[PDB]
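Containing compact mmCIF, C-alpha atoms (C1' of nucleotides): entry.txt.
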```txt
# COMPACT_ATOMS: atom_id res chain seq x y z
CA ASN Q 251 69.36 -32.50 67.06
CA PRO Q 252 67.60 -32.48 63.68
CA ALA Q 253 70.33 -30.29 62.14
CA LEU Q 254 72.58 -33.35 61.69
CA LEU Q 255 70.22 -34.71 59.02
CA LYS Q 256 71.22 -31.88 56.68
CA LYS Q 257 74.01 -32.56 54.21
CA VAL Q 258 77.45 -31.01 54.56
CA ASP Q 259 77.15 -29.12 51.25
CA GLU Q 260 73.83 -27.52 52.27
CA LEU Q 261 75.44 -24.33 53.62
CA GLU Q 262 77.87 -23.32 50.80
CA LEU Q 263 80.54 -21.77 53.01
CA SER Q 264 83.29 -21.54 50.37
CA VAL Q 265 84.64 -23.32 47.31
CA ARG Q 266 87.73 -24.75 49.01
CA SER Q 267 85.60 -25.96 51.92
CA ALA Q 268 83.27 -27.81 49.54
CA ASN Q 269 86.31 -29.22 47.73
CA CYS Q 270 87.92 -30.61 50.88
CA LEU Q 271 84.58 -31.92 52.16
CA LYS Q 272 84.03 -33.77 48.88
CA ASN Q 273 87.58 -35.12 48.99
CA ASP Q 274 86.98 -36.33 52.56
CA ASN Q 275 83.77 -38.15 51.48
CA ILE Q 276 81.51 -36.64 54.14
CA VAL Q 277 77.71 -36.66 53.86
CA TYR Q 278 76.67 -35.69 57.40
CA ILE Q 279 77.76 -32.83 59.65
CA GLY Q 280 78.33 -35.16 62.61
CA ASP Q 281 81.58 -36.57 61.25
CA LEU Q 282 82.84 -33.02 60.70
CA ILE Q 283 81.72 -31.69 64.09
CA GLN Q 284 83.27 -34.64 65.94
CA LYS Q 285 86.74 -33.97 64.50
CA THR Q 286 87.66 -30.64 66.08
CA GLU Q 287 91.34 -30.18 65.17
CA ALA Q 288 92.94 -33.63 64.77
CA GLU Q 289 91.30 -34.70 61.50
CA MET Q 290 90.99 -31.09 60.32
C1' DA O 1 111.27 -18.46 60.38
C1' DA O 2 109.64 -18.50 54.24
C1' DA O 3 106.79 -18.88 49.06
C1' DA O 4 103.71 -20.07 44.87
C1' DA O 5 98.45 -21.83 43.04
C1' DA O 6 92.73 -23.42 42.68
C1' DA O 7 89.75 -19.73 42.36
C1' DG O 8 88.53 -14.86 40.98
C1' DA O 9 88.94 -11.58 37.06
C1' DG O 10 89.62 -10.58 32.45
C1' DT O 11 89.42 -11.33 28.15
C1' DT O 12 89.93 -13.62 23.13
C1' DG O 13 88.38 -16.02 19.46
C1' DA O 14 84.34 -19.66 17.88
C1' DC O 15 79.93 -20.81 16.94
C1' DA O 16 74.28 -21.15 17.62
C1' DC O 17 70.54 -18.41 16.69
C1' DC O 18 66.62 -15.44 16.28
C1' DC O 19 63.63 -12.07 14.91
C1' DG O 20 64.08 -7.92 11.03
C1' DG O 21 64.01 -6.32 6.58
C1' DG O 22 63.69 -7.27 1.84
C1' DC O 23 62.40 -10.16 -2.60
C1' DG O 24 58.82 -12.50 -4.24
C1' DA O 25 54.09 -14.56 -5.19
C1' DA O 26 49.74 -15.13 -4.52
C1' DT O 27 45.94 -13.15 -3.75
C1' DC O 28 42.14 -9.35 -1.75
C1' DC O 29 38.90 -4.86 -2.49
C1' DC O 30 36.97 -1.19 -5.61
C1' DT O 31 34.82 0.36 -9.28
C1' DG O 32 32.08 0.18 -13.32
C1' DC O 33 29.31 -2.06 -16.89
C1' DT O 34 25.19 -5.20 -18.13
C1' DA O 35 20.41 -2.71 -23.07
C1' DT O 36 12.92 -6.30 -24.73
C1' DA O 37 8.87 -3.94 -21.13
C1' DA O 38 9.13 -3.29 -15.84
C1' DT O 39 6.61 3.25 -12.73
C1' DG O 40 3.17 5.44 -4.98
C1' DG O 41 4.09 1.11 1.00
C1' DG O 42 3.05 -2.56 5.77
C1' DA O 43 2.73 -2.99 10.94
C1' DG O 44 0.85 -0.58 15.05
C1' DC O 45 -2.29 0.01 18.79
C1' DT O 46 -7.55 0.21 20.29
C1' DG O 47 -8.52 -4.05 28.06
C1' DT O 48 -4.74 1.85 33.56
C1' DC O 49 -5.77 6.41 35.16
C1' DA O 50 -4.75 10.90 36.76
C1' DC O 51 -2.33 14.79 36.69
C1' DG O 52 -0.27 18.42 34.57
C1' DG O 53 -0.01 21.16 31.44
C1' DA O 54 0.08 23.07 26.00
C1' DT O 55 -2.78 24.78 22.01
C1' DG O 56 -7.65 26.88 19.52
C1' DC O 57 -12.16 30.59 18.85
```
Before we go any further, please render this structure as structure tokens.
Amino acid sequence: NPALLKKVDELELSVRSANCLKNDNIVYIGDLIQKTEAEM
DNA sequence: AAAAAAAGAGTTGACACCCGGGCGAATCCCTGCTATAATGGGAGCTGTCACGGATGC
């Protein structure tokens, strides 16, 4: 799917979500969608 | 099963500034006054008709 090319901070869900995503060092949505509940 | 904080709000002083209103100064517009003698004017058709009307005796 072409949606994976978009960055993780391209949806602006919330401030805490952006903070934890930046702390996790994620650039693509695939690494976040793969981890369902373990890494979350 | 409990219990406090980055944001989210809410302000509180602390500059940075940006046209406005005066203070100047430098400079525009008006108006009148000049003392020998000045003394009637320059284009323009004029190589279309024909009609339809307005004056005159």
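Proximity to chain Q was assessed for O:8, O:53, O:13, O:21 counting all atoms listed in the file; the smallest distance is recorded for O:8.
Among O:25, O:45, O:36, O:6, the residue with the shortest atom-to-atom distance to chain Q, counting all atoms listed in the file, is O:6.
Here atom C1' of residue 7 of chain O and atom CA of residue 268 of chain Q stand 12.6 Å from one another.
Proximity to chain O at a cut-off of 12 Å picks out residues 264, 265, 266, 267, 269 and 270 of chain Q on chain Q, counting all atoms listed in the file.
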Please measure the separation of atom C1' of residue 5 of chain O and atom CA of residue 286 of chain Q, giving the value in Å to one decimal. 26.9 Å
Report as an mmCIF file with C-alpha atoms, in the coordinates of the input all protein, DNA and RNA residues lying within 9 Å of residue 276 of chain Q, evaluated on only C-alpha atoms (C1' of nucleotides), omitting residues in the same chain fewer than 5 positions from it.
```cif
data_model
loop_
_atom_site.group_PDB
_atom_site.id
_atom_site.type_symbol
_atom_site.label_atom_id
_atom_site.label_comp_id
_atom_site.auth_asym_id
_atom_site.auth_seq_id
_atom_site.Cartn_x
_atom_site.Cartn_y
_atom_site.Cartn_z
ATOM 1 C CA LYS Q 257 74.010 -32.560 54.210
ATOM 2 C CA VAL Q 258 77.450 -31.010 54.560
ATOM 3 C CA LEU Q 271 84.580 -31.920 52.160
ATOM 4 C CA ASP Q 281 81.580 -36.570 61.250
ATOM 5 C CA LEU Q 282 82.840 -33.020 60.700
#
```
Fewer than 3 positions away in the same chain doesn't count, so skip those; otherwise give me all residues within 12 Å of residue 255 of chain Q, counting all atoms listed in the file, as a ChimeraX atom specification. /Q:251-252,258-260,277-281
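Pairwise distance (atom CA of residue 262 of chain Q, atom CA of residue 284 of chain Q) equals 19.7 Å.
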